[PDB]
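Here we start with a single chain on its own, the form deposited in one PDB entry, put down as structure tokens.
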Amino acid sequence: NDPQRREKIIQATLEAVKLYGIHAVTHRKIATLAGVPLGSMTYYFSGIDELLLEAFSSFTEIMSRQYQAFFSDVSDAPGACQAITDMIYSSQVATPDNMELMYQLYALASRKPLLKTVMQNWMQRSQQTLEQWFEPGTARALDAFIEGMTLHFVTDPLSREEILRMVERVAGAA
């Protein structure tokens, strides 16, 4: 079955999306990107749509891990305000490759429900992280504020000390 080469194909599909367009993603294009035979495409996946769904799925699991990374050294809610600030301060550069792919996924999800399922599982994770030090009502508000705050750079402001003080107000703690 060869799990590593299945992973490669998903990697190469993702790479074939950020590079050219999802409209352009074909079996041949991905196989030549993955350095793999045409047959492996049909052996592992039932169709381009299962493949795209898996690649987007894996893209969001990457993000989730890039997300909970910021909470490595967080014991407490005050440290969690700091990690949130770090994350919003740090991801002001770069690159809008992920964010570009992600806004593509938000819009596509509103008319492809398998993809919406994947989006939901991705946000469950973010909220679950925050609930380690906040109650859901605060976790939910902080998640939304983090997501909106990130947008407000993808168009283009603003100091760490200032980002921290907005976070601290959305959290009201300590």
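Residue numbers run from 1 along the displayed sequence. Rigid core (definition): largest C-alpha set, two forms, superposition within 1.5 Å.
Beyond what is shown, the protein has a form deposited in another entry; the following relates to that form.
Asker: Can you spot, among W122, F59, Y44, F70, the one with a CA shift of 2 Å or more between the shown form and the other one after core superposition?
Answerer: Residue with a C-alpha shift of 2 Å or more: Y44.
Asker: Honestly, after the rigid core fit, is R28 moving at least 2 Å at Cα between the shown form and the other one?
Answerer: Yes: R28 shifts by at least 2 Å between the shown form and the other one.
Asker: Indicate whether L19 shows a C-alpha shift of 2 Å or more between the shown form and the other one, with the rigid core used for the fit.
Answerer: Yes; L19 is a residue whose C-alpha shifts (by 2 Å or more) between the shown form and the other one when the cores are overlaid.
Asker: Superpose the two forms on their rigid core, then report whether the C-alpha of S90 is displaced by 2 angstroms or more between the shown form and the other one.
Answerer: Moves: no, less than 2 Å.
Asker: So the CA-CA distance for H27 and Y106 moves by at least 3 angstroms in that other deposited form. Closer or farther than here?
Answerer: Compared with the form shown here, the C-alpha atoms of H27 and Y106 sit closer together in that other deposited form, by 3 Å or more.
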